[PDB]
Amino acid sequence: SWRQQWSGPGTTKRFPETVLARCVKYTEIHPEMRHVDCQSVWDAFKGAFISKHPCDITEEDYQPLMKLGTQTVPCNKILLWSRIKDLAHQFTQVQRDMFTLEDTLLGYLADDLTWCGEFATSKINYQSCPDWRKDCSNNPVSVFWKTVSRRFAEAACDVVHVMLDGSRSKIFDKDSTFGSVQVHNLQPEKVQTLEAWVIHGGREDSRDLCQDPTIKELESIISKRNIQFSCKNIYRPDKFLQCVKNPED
């Protein structure tokens, strides 16, 4: 018979098992979250999207999960990123008092995973899930990341650092989660400065990417929020990582 097919990849195999296992692992090494009930976390995560049409998801659907995974890390230890996360995560493994969203319980639970359900039944769809462009933007995955990315970013203070992909057409992309959500929730009451770290790929010919038109575009957004702006090139990721704990030696 007929089964509905979306354009995007389906739910990651073993998603329920993985999400539960991730919660158990996280709470074991983070004594601050040690007594979070991981079954309740999974129940809330699941309840946000199962039995719902996967284009009828709103931010409120994830509010029960958000409450259970409440975690407000030191606001002055936030690292944001856009497009690429590999270096960001490597950085927080070296500078271990720093956090990306994916180093918090909620980000950790969902990073690299895809998920969606269907109307009326409790079945997880492992065949397909809506594509943000071809099907609908209001899908379980896109809506999840939108709501957690805002919460994480809006709480930030002092200097907020963001890693940007300097190999792309738009080094700063206003249509990314950082550009459309996070940058607009930085509060000048708490945030003194946004500092951009532009990551060079292999084809950037050692040029000063802080002079890029999209960086001026980011600078303008930030200045209009009465926040200071700073930009630095990361020419060599491996050299950058080696110098993290001694940047002025």
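Throughout, we count residues from 1 along the sequence that is shown.
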{"query": "Comparing 230-238 with 10-18, the one whose average Cα B-factor in the PDB entry is higher", "finding": "230-238"}
{"query": "Which of 158-166 and 110-118 has higher mean CA B factor, as the PDB entry lists it", "finding": "158-166"}
{"query": "Member of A196, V36, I50, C55 with the greatest C-alpha B factor (per the PDB record)", "finding": "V36"}
{"query": "Peak C-alpha temperature factor (PDB record), options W81, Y126, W145, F172", "finding": "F172"}
{"query": "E102, C-alpha B-factor rank within chain (lowest, middle or highest third)", "finding": "lowest"}
{"query": "Relative C-alpha B-factor of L68, binned into the chain's lowest, middle or highest third", "finding": "highest"}
{"query": "Modelled-residue ranking by C-alpha temperature factor, third containing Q95", "finding": "highest"}
{"query": "Position of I222 among the chain's modelled residues by C-alpha B-factor, lowest, middle or highest third", "finding": "highest"}
{"query": "Chain-wide C-alpha B factor ranking for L209, given as lowest, middle or highest third", "finding": "highest"}
